[PDB]
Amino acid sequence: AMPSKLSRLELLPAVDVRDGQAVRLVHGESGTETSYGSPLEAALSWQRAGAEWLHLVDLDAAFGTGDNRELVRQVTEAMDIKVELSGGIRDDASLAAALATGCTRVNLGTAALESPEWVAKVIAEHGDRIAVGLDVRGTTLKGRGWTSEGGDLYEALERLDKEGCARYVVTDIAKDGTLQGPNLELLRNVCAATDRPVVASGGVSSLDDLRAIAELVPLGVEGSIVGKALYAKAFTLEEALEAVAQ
């Protein structure tokens, strides 16, 4: 593989919080949670292993089953590394609270489906501290913890591009928590549709899968979120970082 000056693929280990625990689901389905203990210990583990980013989700807030605001605040404050924070960020107050944690950026999901004028305003005011999470089954967007129906993926990308959105985080729900491998086709198709950076999520199962996503960096894929493969020890984060470096 020929040398290049392009950046390497960024890795964002996930810490998804439900009922006070770091959890992994299958297709994000409520009730399929596997718990891996405290979110703080999980986050600090990834930081010790050399993580540059943490992808931190309050899943109770996404589902609407209470929240974990104090814990995700504490985790964010403990990180020296960059933190991408999401879950429940759907109006001015929840956005203000999220930003006050000192996270590096937030992801908006449901609000891009239910409150597009508000998302447009937030993008215009906050720039690259905002990314939109586009979570699909096929090309159909889903909200509210993936329990609600949104529209077509590409319609949304076209609108959000025009509104000046900086970055998209794209999950294939059918791959998430499955260790089936990532949907590379989805990533290539999204990169064909937008010139903004794209962060992949869902299905990574192996170092070879990360290498495959890394090949798409020159198409526009900036990073990869990894959950179950790290928690289930398919590989270490040290190994994953070396795999995408070189």
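Numbering starts at 1 and follows the sequence shown.
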property	result
Stretch exceeding the other in mean C-alpha B-factor - 182 to 190, 65 to 73	65 to 73
Between the two ranges 4 to 12 and 235 to 243, the one averaging a larger CA B factor in the entry	4 to 12
Identity of residue with top Cα B-factor, from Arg167, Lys175, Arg129, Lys142	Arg129
Selection from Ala96, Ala124, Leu85, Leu134 [criterion: highest C-alpha temperature factor in the record]	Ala124
Third of the chain, ranked by Cα B-factor, where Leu40 sits	middle
Third of chain Cα B-factors occupied by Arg196	highest
Lowest, middle or highest third - CA B-factor, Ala120	highest
CA B-factor placement of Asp58, once the chain's modelled residues are sorted into thirds	lowest
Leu219 - which third its CA temperature factor falls in, relative to the rest of the chain	highest
